[PDB]
Engineer: 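The structure that follows is given in the form of structure tokens.
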Amino acid sequence: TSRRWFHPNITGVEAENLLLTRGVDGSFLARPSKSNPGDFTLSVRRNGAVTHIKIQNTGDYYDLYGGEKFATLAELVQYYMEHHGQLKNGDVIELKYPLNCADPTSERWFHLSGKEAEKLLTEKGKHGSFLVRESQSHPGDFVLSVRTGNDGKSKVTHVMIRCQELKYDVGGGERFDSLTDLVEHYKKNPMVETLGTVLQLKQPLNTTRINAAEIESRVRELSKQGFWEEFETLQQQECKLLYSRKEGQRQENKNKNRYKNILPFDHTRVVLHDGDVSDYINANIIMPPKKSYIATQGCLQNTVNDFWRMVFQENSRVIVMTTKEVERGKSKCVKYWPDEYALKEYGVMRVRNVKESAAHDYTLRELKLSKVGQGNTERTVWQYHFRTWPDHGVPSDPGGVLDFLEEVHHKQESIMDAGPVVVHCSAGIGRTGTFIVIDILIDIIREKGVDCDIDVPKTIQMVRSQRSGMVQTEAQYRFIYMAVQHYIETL
Ligand SMILES: C[C@@H]1OCC2(CCN(c3cnc4nc(Sc5ccnc(N)c5Cl)ccc4n3)CC2)[C@@H]1N
């Protein structure tokens with residue numbers, strides 16, 4: 001559970017000099033690419049020299065050049081640190097020693113006046129809530145503000161953090177190389193005041209949960225950048241989500257994955273029962289009377305039957321497809337539905353395409369799904385095929401997506417005992433996560449109006465604990481905020 005090898009603020013020259021003077025052969029770090037915004041670079045030292053490996057993410061997955069595709073940067077680094085000779089003139093590159101970052105930019109607790117910090121800890125703070133800010137009078141020094149406990153039963157204690165020769169301390173004891181190490185140490189060994197108060201560092205002060213009516217003000221603030229700082233602070237927390245994906249790695253299931261290293265978590269994966277290893281599909285239940293979701297990949301030819309097994313077993317009545325079958329010359333999803341008015345058998349599952357209806361942004365396909373030999377198992381599945389997501393980036397306007405989800409939501413609500421909504425793109429983490437997150441947030445607003453708290457990164461982190469890398473890019477992160485803002489404006 002450490003993402004210290006990611007340096008959000010260094011340059012290529014800085015990374016090279018840092019690896020050459022503070023690292024050894026096998027040392028590595030990751031950083032945002034300065035030449036290609038939105039991409040990343042893995043800088044690795046070997047034989048006294050540094051190599052820079054490009055990592056692209058257009059919105060679907062992290063694509064390591066000359067390597068594999070991954071759901072998060074943490075899952076990428078974990079894979080190559082644990083598989084000795086995979087990273088590559090075909091020359092083996094070893095990730096051995098993470099070169100740790102000292103920049104606190106991406107920490108949830110790092111931020112700020114002493115009055116304002118007291119205000120924030122006053123209003124949305126709890127016992128043990130804390131933050132670290134730059135000192136008011138002493139430049140280069142810092143302050144740790146902790147809430148312990150409006151009647152005097154709670155207080156805010158400020159603790160001065162002195163920076164002396166690039167090491168930090170709270171006036172005595174140990175001297176730390178970084179604010180992170182200092183906070184980590186006093187998290188485990190909390191300071192005790194003379195009269196007995198224990199300055200427990202329980203959780204960072206939440207600053208991202210806001211009232212729905214404040215979203216426009218917050219978006220204006222993040223656009224002044226605040227968006228990039230908030231997103232990367234979210235990305236750092238991905239190291240808490242390296243849950244097991246063993247079932248997807250079994251030999252019998254390797255070919256059931258569109259991308260061999262983008263796999264469902266074992267504890268939330270959809271388990272296929274009553275099979276002819278026949279229980280696997282690259283798909284996860286997503287739980288936020290709210291609806292739930294199945295986030296899954298675009299079908300392969302050899303997983304179409306499993307897809308319909310899943311849809312039938314989970315009683316799903318709505319499918320959301322957020323990709324064309326072919327985009328930019330590449331196949332993203334095999335056609336798993338019949339032509340209009342046609343009927344097909346996919347293993348033991350029978351599907352009739354009853355009728356298609358074309359809107360501008362999407363096609364709706366009314367499908368009748370049943371198990372062969374059992375006419376009483378028939379149920380209608382409504383497939384919503386979104387077709388206007390741009391080849392590059394995210395939509396410039398969220399209106400098409402919002403109108404699409406509103407229709408999808410009302411179809412689902414009209415169906416008694418409908419199961420989870422199936423959502424899929426290519427790998428099923430980027431666009432799929434974006435649609436699901438928007439739908440989760442919009443449903444809160446739809447039922448409570450402006451009188452509700454929403455917390456975009458918390459919602460994403462919760463969804464990311466159920467499928468790897470849900471919401472892939474900062475552009476998608478911005479698009480979720482813009483979609484929520486637009487939805488609130490048109491209430
Ligand atoms: C230097 C920059 O200045 C401000 C700064 C970015 C904005 N701020 C924050 C605080 N917290 C955050 N938590 C998350 S993730 C999350 C959210 C809510 N709840 C839970 N449980 C989780 Cl895990 C994601 C983004 C977050 N941005 C404050 C810190 C930067 N450091």
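One-based numbering, in listed order, for ligands and for the atoms of each. Starting from 1, each residue takes its place in the sequence as its number.
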Engineer: Looking only at protein heavy atoms, which one is nearest to atom 11 (N) of ligand 1, and what is the separation?
Structural biologist: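 Looking only at protein heavy atoms, the one closest to atom 11 (N) of ligand 1 is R108 NE, 3.5 Å.
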
Engineer: Apply the side-chain hydrogen bond (donor to acceptor under 3.5 Å, both in side chains) test between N282 and each candidate in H424, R467, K256, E247; give the one that qualifies.
Structural biologist: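 With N282 as partner, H424, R467, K256, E247 yield a single side-chain hydrogen bond (donor to acceptor under 3.5 Å, both in side chains), made by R467.
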
Engineer: May I ask you to test the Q200-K187 pair for a side-chain heavy-atom distance under 4.5 Å?
Structural biologist: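 A side-chain contact is absent here, since even the closest heavy-atom pair is not under 4.5 Å.
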
Engineer: Can you sort out which atoms of ligand 1 are near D455, meaning under 4.0 Å from one of its heavy atoms?
Structural biologist: 18 (C)

Engineer: For the pair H267 and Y243, name the ring-plane relationship: parallel under 30°, tilted 30 to 60°, perpendicular over 60°.
Structural biologist: perpendicular

Engineer: Regarding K124 and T207, do their side chains bring together a donor and an acceptor under 3.5 Å, going by distance alone?
Structural biologist: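 Absent: no donor and acceptor within the cut-off.
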
Engineer: Please identify which atoms of ligand 1 are closer than 4.0 Å to at least one heavy atom of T207.
Structural biologist: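 So the atoms of ligand 1 that pass are 8 (N), 9 (C), 10 (C), 28 (C).
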
Engineer: What atoms of ligand 1 come within less than 4.0 Å of a heavy atom belonging to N206?
Structural biologist: 18 (C)

Engineer: Of all the atoms in ligand 1, which lie at a distance below 4.0 Å from a heavy atom belonging to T208?
Structural biologist: 9 (C), 12 (C), 17 (C), 18 (C), 26 (C), 27 (N)

Engineer: Check this for me - ligand 1, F110, N or O atoms closer than 3.5 angstrom, yes or no?
Structural biologist: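 By distance alone, the answer is yes.
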
Engineer: With atom 19 (N) of ligand 1 as the reference point, say which of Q461, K458, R133 has the nearest heavy atom.
Structural biologist: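 Selected option, by shortest heavy-atom distance: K458.
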
Engineer: Provide, to 0.1 Å, the distance between atom 26 (C) of ligand 1 and the closest protein heavy atom, together with that atom's residue and name.
Structural biologist: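 Protein heavy atom with the smallest distance to atom 26 (C) of ligand 1: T233 CG2, 3.4 Å.
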
Engineer: N/O of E107 under 3.5 Å from N/O of ligand 1, yes or no?
Structural biologist: yes

Engineer: Which protein heavy atom lies closest to atom 3 (O) of ligand 1, and at what distance to 0.1 Å?
Structural biologist: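 For this ligand atom, the closest protein heavy atom is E229 OE1, 3.6 Å.
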
Engineer: Which is it for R209 and ligand 1 at heavy atoms under 4.0 Å: side chain, backbone, both or neither?
Structural biologist: neither

Engineer: Classify the angle between the aromatic ring planes of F404 and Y384 as parallel (below 30°), tilted (30 to 60°) or perpendicular (above 60°).
Structural biologist: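 Rings of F404 and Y384: perpendicular, as their planes differ by over 60°.
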
Engineer: Under 4.5 Å between any side-chain heavy atoms of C239 and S2, yes or no?
Structural biologist: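 No, their side chains stay 4.5 Å or more apart.
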
Engineer: Against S178, only a single residue in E184, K167, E107, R4 fulfils side-chain contact (heavy atoms from CB on, under 4.5 Å); can you say which?
Structural biologist: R4

Engineer: Checking side-chain polar atoms at under 3.5 Å, does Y280 have a donor or acceptor matched by the opposite partner on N257?
Structural biologist: yes

Engineer: Below 4.0 angstrom from a heavy atom of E230, which ligand 1 atoms are there? Numbered from 1 as shown, please.
Structural biologist: 24 (C), 25 (C), 27 (N)

Engineer: If you measure from the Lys or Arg side-chain nitrogens to the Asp or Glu carboxylate oxygens, is any gap between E75 and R245 under 4.0 Å?
Structural biologist: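 Salt bridge flag = yes for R245 with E75.
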
Engineer: Can you pull out the closest protein heavy atom to atom 30 (C) of ligand 1? Residue, atom name and distance to 0.1 Å, please.
Structural biologist: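 Checked against all protein heavy atoms, atom 30 (C) of ligand 1 sits closest to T105 O, 3.3 Å.
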
Engineer: Quick one: does ligand 1 sit under 4.0 Å from the side chain of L234, the backbone, both or neither, non-hydrogen atoms only?
Structural biologist: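 The answer is both, backbone and side chain.
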
Engineer: Within the 4.0 Å heavy-atom shell around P457, which atoms of ligand 1 are there?
Structural biologist: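 Checking each atom against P457, I get 14 (C), 24 (C).
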
Engineer: Answer yes or no on whether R478 is positioned over the face of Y481, meaning its NZ or CZ is under 6.0 Å from the six-membered ring centre and within 45° of the axis.
Structural biologist: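 No, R478 and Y481 do not form such a contact.
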
